[PDB]
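Student: Handing you this structure, nothing more for now.
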Amino acid sequence: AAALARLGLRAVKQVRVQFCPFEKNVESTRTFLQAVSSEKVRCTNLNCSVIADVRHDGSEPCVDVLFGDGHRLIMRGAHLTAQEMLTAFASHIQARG
Amino acid sequence: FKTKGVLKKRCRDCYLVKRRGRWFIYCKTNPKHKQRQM
Amino acid sequence: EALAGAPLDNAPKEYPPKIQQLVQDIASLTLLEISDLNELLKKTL
Amino acid sequence: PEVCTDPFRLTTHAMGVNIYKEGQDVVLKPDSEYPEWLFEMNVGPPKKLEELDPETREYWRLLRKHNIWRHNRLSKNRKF
Amino acid sequence: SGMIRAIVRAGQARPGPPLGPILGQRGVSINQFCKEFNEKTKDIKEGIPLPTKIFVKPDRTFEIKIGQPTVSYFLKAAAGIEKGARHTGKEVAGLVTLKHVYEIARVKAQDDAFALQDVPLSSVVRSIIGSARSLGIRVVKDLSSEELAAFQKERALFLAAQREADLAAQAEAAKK
Amino acid sequence: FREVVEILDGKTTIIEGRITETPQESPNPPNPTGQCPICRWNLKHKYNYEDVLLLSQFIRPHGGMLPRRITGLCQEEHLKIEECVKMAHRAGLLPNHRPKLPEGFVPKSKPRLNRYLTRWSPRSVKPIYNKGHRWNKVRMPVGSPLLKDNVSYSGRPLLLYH
Amino acid sequence: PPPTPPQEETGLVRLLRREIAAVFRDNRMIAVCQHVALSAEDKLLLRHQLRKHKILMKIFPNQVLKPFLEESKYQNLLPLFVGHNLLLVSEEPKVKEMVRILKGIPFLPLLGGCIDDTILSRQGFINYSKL
Amino acid sequence: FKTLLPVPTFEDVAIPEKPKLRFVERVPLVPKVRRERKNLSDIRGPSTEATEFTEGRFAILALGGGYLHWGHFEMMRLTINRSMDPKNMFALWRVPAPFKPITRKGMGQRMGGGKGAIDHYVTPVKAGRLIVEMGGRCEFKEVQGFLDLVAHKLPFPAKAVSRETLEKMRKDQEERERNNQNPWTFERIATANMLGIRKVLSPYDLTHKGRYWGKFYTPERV
RNA sequence: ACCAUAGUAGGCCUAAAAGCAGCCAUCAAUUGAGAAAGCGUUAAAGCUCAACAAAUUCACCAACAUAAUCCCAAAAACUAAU
Ligand SMILES: [Mg+2]
Ligand SMILES: [Mg+2]
Ligand SMILES: [Mg+2]
Ligand SMILES: [Mg+2]
Ligand SMILES: [Zn+2]
Ligand SMILES: [Zn+2]
């Protein structure tokens with residue numbers, strides 16, 4: 001949460017995390033959602049739309065970030081760790097935007 | 001840098017790293033806390 | 001003892017057998033029983 | 001910049017509840033209009049660790065407070 | 001834009017410090033704020049203090065939210081005392097009955113804190129009891145017929161003695 | 001083992017985590033009741049810096065060591081293996097466990113000096129100009145003191161300082 | 001290693017288990033949600049809106065809740081209790097109002113729950129609200 | 001989630017009047033007119049006095065021998081008084097005021113001519129003796145923290161010990177001495193006069209058992 | 001890493017003393033947070049600690065420059081040694 005807060009998320013439009021809580025490999029995605037929907041991340045940019053899609057039969061937890069560079073970062077996290085996902089997202093944000 | 005026989009952290013931001021065979025208190029917030037083990 | 005598996009609407013195709021057996025019990029009775037049943041439900045609820 | 005009262009008016013009613021301009025002070029309703037459990041609260045020394053039983057949340061709240069106090073006392077000397 | 005808390009009087013809403021400069025720095029006019037406060041609290045007894053929250057929006061627009069007065073003021077008014085005790089616990093300033101405590105709790109239940117935290121009146125009564133303990137006001141179960149005045153007389157003589165001792169100490173320090 | 005792959009197409013990035021098959025432990029350990037890998041395979045006080053077949057079992061493909069909470073070693077065995085890996089890397093063993101830099105591999109430098117049983121980092125030691133006399137002699141450390149408990153068939157203790 | 005030195009269960013964990021059992025036995029509607037760390041004023045406003053409908057929320061440690069869950073008949077709720085958890089506790093289950101008041105915040109996901117010993121997912125709660 | 005442990009409560013201990021350390025005189029009220037020989041046996045060997053706690057729970061233990069003079073006494077007094085809480089702690093001395101005179105030549109630096117002139121007074125301290133003893137309603141961590149400075153500034157090596165720590169180190173020493181593996185020990189060899197080692201040993205080595213060498217005490221010598 | 005809201009700016013002194021020049025109390029709301037253990041402000045604000053919620057490899061002290069004609073055997077970590 002602190003890493004995203006110290007990044008200036010002002011240049012992010014929409015972040016949607018779609019997962020199934022009843023699966024066994026959605027823990028990393030849930031932790032990513034909690035880290036990206038924190039109070040500091042909310043206050044560092046207000047126009048960002050954070051969506052949490054819950055399914056039961058999807059069985060494929062994924063995250064989508066659409067931002068105003070006309071850019072789409074999609075990460076289908078089934079074995080990715082939460083820390084690695086956060087680092088990759090932060091690197092892409094500080095690279096483009 | 002101050003060359004000392006005993007290194008102690010003078011704040012919470014001091015970090016101890018071993019370089020060139022010696023021990024170092026490096027500090028970024030307060031550069032005056034730079035200490036080098038003799 | 002345990003609970004169900006929480007099926008969703010994405011692939012909803014199986015229903016609990018309780019409703020089917022209730023329908024079968026309803027259908028396996030005569031019009032006199034139907035009249036008594038509906039009058040009893042009217043009186044109670 | 002308000003004013004208090006010296007005579008038995010204090011014993012006959014309170015002087016804080018009335019906030020609006022009109023002096024519609026509330027009367028002292030007896031126990032017939034006040035709850036019984038109100039008069040059954042610890043108004044003296046706070047409950048102690050040896051007084052509280054170990055099967056209530058109050059005991060563990062007090063233990064947590066004492067642990068925080070102990071940590072503060074032992075960390076009074078902040079080396080860094 | 002930000003969150004502003006202010007202890008303001010019911011009708012003595014002056015456009016001066018320490019409240020006028022803060023709102024001027026924020027950007028909203030202070031005359032409008034004073035007028036709105038006076039018209040909103042014109043039915044409240046002038047002189048009592050009360051906390052209020054000021055919300056400032058871009059284009060320099062302000063809104064006012066006013067809560068219940070301070071428990072310190074409530075308990076001091078209930079006990080009939082003008083100022084609290086210095087040495088808390090070792091000396092007692094006044095006596096407040098559990099009945100007065102319950103009345104204060106009932107009248108203050110309609111504040112933002114205890115409204116957002118939907119709790120029974122027992123919690124509010126306990127909070128008022130703790131505030132009285134901090135104030136140095138003892139909370140007797142049920143004792144007020146004339147002993148309240150009997151204690152008031154001795155409290156007045158003790159306050160006079162304390163004032164004399166403070167004057168003597170100040171004179172000794174000045175001559176030292 | 002897990003790998004992260006990145007795909008770029010039309011200013012869109014997709015990263016995927018792919019799991020490939022990894023080798024498992026051998027079926028028959030000589031001492032199955034040991035709680036530690038080395039200490040149950042009976043390699044305690046048995047390996048050295050030159051036993052790369054054991055030292056390379058758990059090191060990252062770029063030469064870094066693996067965490068103890070993942071490997072399962074006891075603390076002393078983890079420290080011994082870390083020191084052995086350092087000594088092997090300095091000696092020149094494990095030549096394929098280095099990062100690939102085509103831009104830096106072209107500017108060749110002075111030929112590497114052959115060495116082994118090197119305790120300190122080569123760039124952190126100062127030459128001993130004085131060297132002392134017999135009563136106060138400055139000795140050169142060789143090997144590591146962590147491996148002083150290894151089995152000695154000849155019976156002579158290892159000369160860690162010479 | 002030597003045999004296990006069984007750690008005595010203290011009053012804190014005993015009372016937590018007692019409260020969890022009372023919650024799981026008394027009330028009927030037990031929903032599970034992900035606890036998102038936000039401002040305390042937002043938390044207080046959420047409790048305010050929930051207590052408008054007289055349905056509460058609780059937080060219990062996982063170290064205590066997981067053994068109770070696997071020992072009880074709710075072993076199918078294990079995947080719902082990995083991260084930060086919120087237990088919405090309700091008598092006279094009213095999922096429609098809960099969905100209506102939680103729709104305002106888009107990023108609070110309904111992990112699932114049970115209504116009268118019937119495990120239902122977010123789709124199940126949608127169905128109950130539609131009913 | 002972590003368990004809640006009870007905290008130690010101190011109610012039986014009572015803080016006495018004047019918990020600060022008392023001022024000590026550099027010279028005794030009656031000075032010693034007669035110059036005495038510098039017996040170093042008051043430093044050599046283990047201590048027999050002030051080796052056990054009397055009223056406090058923490059102490060400064062001396063692991064070696066030496067002389068304490070008014071500078072050391074003033075240092076200890078000032079440091080402990082300024083870093084100790086009078087409302088919850090109390091401290092007491094365990095060494096007497098400087099009484100043993102020390103002489104310096106002064107007039108004339110050539111060898112001979114007689115004894116020197118009394119310059120200052122010292123308090124001889126042996127290894128294993130307590131110097132300052134503290135107690136009260138406090139925990140050992142803070143007392144150890146601000147007593148390690150005094151222990152370091154003392155001439156002889158010293159530690160900030162407690163009753164539990166002193167008992168632990170004594171029991172560890174006893175365990176080491178009982179489970180020592182090699183059959184050959186300094187005490188056994190010295191008492192049996194094996195190899196004629198009494199020729200190079202000392203008559204006090206039979207009692208010191210090789211753990212004390214002059215004014216230095218080595219606690220790891222069994 | 002992890003977030004830190006409440007009666008309340010606790011009561012006195014003070015130009016101001018809002019957890020923090022100081023003295024006395026040290027209660028109480030919440031499932032969980034000391035009238036506050038360190039930075040910071042004239043005073044506020046703000047940054048941390050302990051508290052809950054999440055996981056939890058191991059973690060108490062121990063390291064310390066130098067001289068004068070030119071450094072000073074060379075070298076060696078495993079073939080069995082009471
Ligand atoms: Mg010393
Ligand atoms: Mg509480
Ligand atoms: Mg914390
Ligand atoms: Mg120099
Ligand atoms: Zn620093
Ligand atoms: Zn092992």
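Letters A, B, ... mark the chains of the structure tokens in the order given; residue numbers begin at 1 per chain; ligand numbers begin at 1, in order shown.
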Residues within 12 Å of residue 25 (chain B), please, as an NGL selection string. Count only C-alpha atoms (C1' of nucleotides); anything in the same chain fewer than 6 positions from it doesn't count.
Tutor: :B and (1-19 or 31-37)
Student: I need the chosen residues saved as a PDB file, in the first residue's frame, with C-alpha atoms.
Tutor:
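Ended up saving to selection_39.pdb:
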```
ATOM      1  CA  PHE B   1      31.996   9.991   7.534  1.00  0.00           C
ATOM      2  CA  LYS B   2      33.392   9.542  11.038  1.00  0.00           C
ATOM      3  CA  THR B   3      35.808   6.700  11.772  1.00  0.00           C
ATOM      4  CA  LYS B   4      34.783   4.982  15.009  1.00  0.00           C
ATOM      5  CA  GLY B   5      35.541   1.801  16.906  1.00  0.00           C
ATOM      6  CA  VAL B   6      31.917   1.231  17.923  1.00  0.00           C
ATOM      7  CA  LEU B   7      29.058   1.864  15.491  1.00  0.00           C
ATOM      8  CA  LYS B   8      25.604   2.782  16.778  1.00  0.00           C
ATOM      9  CA  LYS B   9      22.496   3.901  14.910  1.00  0.00           C
ATOM     10  CA  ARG B  10      21.558   7.469  15.832  1.00  0.00           C
ATOM     11  CA  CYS B  11      18.072   7.242  14.281  1.00  0.00           C
ATOM     12  CA  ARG B  12      15.638   4.731  12.807  1.00  0.00           C
ATOM     13  CA  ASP B  13      16.845   5.336   9.224  1.00  0.00           C
ATOM     14  CA  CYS B  14      20.453   4.241   9.810  1.00  0.00           C
ATOM     15  CA  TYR B  15      21.263   0.941   8.101  1.00  0.00           C
ATOM     16  CA  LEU B  16      24.352  -1.201   8.684  1.00  0.00           C
ATOM     17  CA  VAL B  17      26.115  -2.586   5.599  1.00  0.00           C
ATOM     18  CA  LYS B  18      29.440  -4.399   5.181  1.00  0.00           C
ATOM     19  CA  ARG B  19      31.528  -2.940   2.349  1.00  0.00           C
ATOM     20  CA  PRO B  31      24.194  12.327   6.335  1.00  0.00           C
ATOM     21  CA  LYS B  32      26.061  13.326   9.518  1.00  0.00           C
ATOM     22  CA  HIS B  33      25.297   9.837  10.894  1.00  0.00           C
ATOM     23  CA  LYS B  34      27.788   8.265   8.466  1.00  0.00           C
ATOM     24  CA  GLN B  35      30.067   6.027  10.539  1.00  0.00           C
ATOM     25  CA  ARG B  36      32.884   3.697   9.489  1.00  0.00           C
ATOM     26  CA  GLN B  37      34.282   0.870  11.616  1.00  0.00           C
TER      27      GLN B  37
END
```
Student: For residue 90 (chain G), find every residue with an atom within 9 Å (counting only C-alpha atoms (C1' of nucleotides)), except residues of its own chain fewer than 5 positions away, and show them as a compact mmCIF listing (two decimals) with N, CA and C atoms, in the first residue's frame.
Tutor:
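Contents of out_17.txt, as written:
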```txt
# COMPACT_ATOMS: atom_id res chain seq x y z
N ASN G 27 -27.53 -16.65 15.51
CA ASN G 27 -28.05 -16.00 14.31
C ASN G 27 -28.04 -16.97 13.13
N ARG G 28 -28.85 -16.64 12.13
CA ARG G 28 -29.04 -17.48 10.95
C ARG G 28 -28.19 -17.04 9.77
N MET G 29 -28.20 -15.75 9.44
CA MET G 29 -27.46 -15.25 8.29
C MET G 29 -26.02 -14.96 8.70
N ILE G 30 -25.07 -15.64 8.05
CA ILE G 30 -23.64 -15.45 8.33
C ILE G 30 -22.96 -15.26 6.99
N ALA G 31 -22.74 -14.01 6.60
CA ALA G 31 -22.07 -13.68 5.35
C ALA G 31 -20.59 -13.45 5.59
N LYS G 54 -30.05 -3.22 11.42
CA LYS G 54 -29.90 -4.06 12.61
C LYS G 54 -29.20 -5.37 12.31
N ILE G 55 -28.19 -5.31 11.45
CA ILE G 55 -27.35 -6.46 11.13
C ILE G 55 -25.89 -6.05 11.31
N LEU G 56 -25.14 -6.84 12.07
CA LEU G 56 -23.84 -6.43 12.56
C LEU G 56 -22.72 -7.04 11.73
N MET G 57 -21.49 -6.60 12.02
CA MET G 57 -20.30 -7.23 11.46
C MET G 57 -19.30 -7.50 12.58
```
Student: Could the residues of chain I that have an atom at most 7 Å from ligand 2 be listed as a Markdown table, each with its closest atom pair and the distance in Å to one decimal, counting only C-alpha atoms (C1' of nucleotides) and all ligand atoms and ordered by chain and ascending residue number?
Tutor:
```
| residue | atom | partner | partner_atom_place_in_ligand_line | distance |
| --- | --- | --- | --- | --- |
| I:29 | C1' | ligand 2 | 1 (Mg) | 6.9 |
| I:30 | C1' | ligand 2 | 1 (Mg) | 5.5 |
| I:32 | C1' | ligand 2 | 1 (Mg) | 6.7 |
```
Student: Using only C-alpha atoms, which chain B residues lie at most 10 Å away from chain F, written as a list in words?
Tutor: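 Those within range of chain F come out as residues 19, 20, 21 and 22 of chain B.
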Student: Ranking H:58, H:156, H:90, H:140 by minimum distance to chain D and counting only C-alpha atoms, which one comes first?
Tutor: H:140
Student: Record the distance separating CA of residue 103 (chain H) and CA of residue 129 (chain H), expressed in Å with one decimal.
Tutor: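 Separation of CA of residue 103 (chain H) and CA of residue 129 (chain H): 25.6 Å.
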